[PDB]
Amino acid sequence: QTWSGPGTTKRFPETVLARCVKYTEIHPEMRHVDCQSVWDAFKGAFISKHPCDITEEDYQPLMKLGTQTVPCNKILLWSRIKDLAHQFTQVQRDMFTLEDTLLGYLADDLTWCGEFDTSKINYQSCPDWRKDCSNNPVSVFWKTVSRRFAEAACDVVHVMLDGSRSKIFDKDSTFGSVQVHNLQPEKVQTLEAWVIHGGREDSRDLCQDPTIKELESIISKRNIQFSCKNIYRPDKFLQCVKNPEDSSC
């Protein structure tokens, strides 16, 4: 092991390519996209580069090719609750997480890195953001696209949070550290948090949690309004999303 983190996901190239093909077949706005070109831009960002010396500039060709206009008022951010967030947008096709854009979809759940001294993809190990270095191919990609997604948002921006974390709002998460600080005060009217409950019996009003007050305070300073909703039963939440024209929802 050079690095502490998992190596590049097996079949990474085929996977990105196949994801690109699938995405561009499904999403008509991205029909102009040449997936081979996308892949080549993606590779170019990290191949032959030291995996602790990646910059946002490295991903600019990919950002260019992956240019996508998402409805700015229909953005769902999330933190620590990836699965519910995606289940939600799979059904509420009106709304978009980052992983519902081409670039986020290409990269979701994947790891990748290269090596400085060669042009090969490193399937053995990749830098861990913590135990190794922060400017790695994965962390730099996610910070860049997460920032740009946040910059794109307008009107009411929603964020799904895991109410079972004990830092429900975590300043150190990508949401907390990058996206909160890149919501444009000129465009964003309200950030509304949906705090997802995840455990036994009748729960507190988690919108009163100190970390939520922290989030509210941060965003208020940025001249953006804050709203918060408890989602007490995520299972019933999704069921209501799947069939909304139904009493009890």
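The first residue of the shown sequence is 1; numbering continues from there.
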Out of 198-206 and 57-65, which stretch has the higher average CA B-factor listed in the record? 198-206
Higher average CA B factor in the deposited record is what I'm after, so tell me if that's 25-33 or 189-197. 25-33
Whose C-alpha has the highest temperature factor in the PDB entry: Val157, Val91, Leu98, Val140? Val91
Of the three thirds of its chain by CA temperature factor, lowest, middle or highest, which one includes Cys240? highest
Among the modelled residues of this chain, does the Cα B factor of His86 put it in the lowest, middle or highest third? middle
Splitting the chain's C-alpha B-factors into thirds, which one does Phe169 fall into? middle
When the modelled residues of the chain are sorted by Cα temperature factor, does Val180 land in the lowest, middle or highest third? middle
For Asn135, the third of its chain by CA B-factor is the middle
